[PDB]
């Protein structure tokens, strides 16, 4: 019932959360996750956020065109034939980012755990 769901998940204790999909409940409190970036691994359920899309006004980390990740705030989303884009504001300026360009720092993901954490 969690299988097939889109999530944002981290795979290290101090790492970032990345978008992906649950492909199997594998037990020992773990889920096999296929990240949009291609990496697949078994992640602890505590490190999975069941939020898709990431909600309005969430603080995220997004990859700008200049190839720097930096913090911004989600201000909207658009789904264009399968693909999700986020509108993210940084210092007053909104740009559109692909789903896989939007990640969460440990603190940013921790903010979402009570509402969207798996368990």
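The term rigid core refers to the maximal set of C-alpha atoms that superpose within 1.5 Å between the two forms. Numbering follows the first chain given and starts at 1.
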Inset, instruction - Would you say which of 43 to 51 and 59 to 67 moves more relative to the shown form in 6 other deposited structures of this protein, going by RMS C-alpha distance with the core superposed? - result: 59 to 67
Legend entry - Stretch with larger C-alpha RMS deviation in 6 other deposited structures of this protein, core superposed, 98 to 106 versus 13 to 21: 13 to 21
Legend entry - Entry-level comparison of average CA B-factors, 93 to 101 and 20 to 28, reporting the higher stretch: 20 to 28
Legend entry - Of 79 to 87 and 58 to 66, the stretch whose C-alpha atoms average the higher B-factor in the entry: 79 to 87
Inset, instruction - Check where residue 41 lands among this chain's C-alpha B-factors and tell me if it's the lowest, middle or highest third. - result: highest
Legend entry - CA B-factor ranking of residue 12, expressed as a third of its chain: middle
Legend entry - Third of the chain, ranked by Cα B-factor, where residue 51 sits: middle
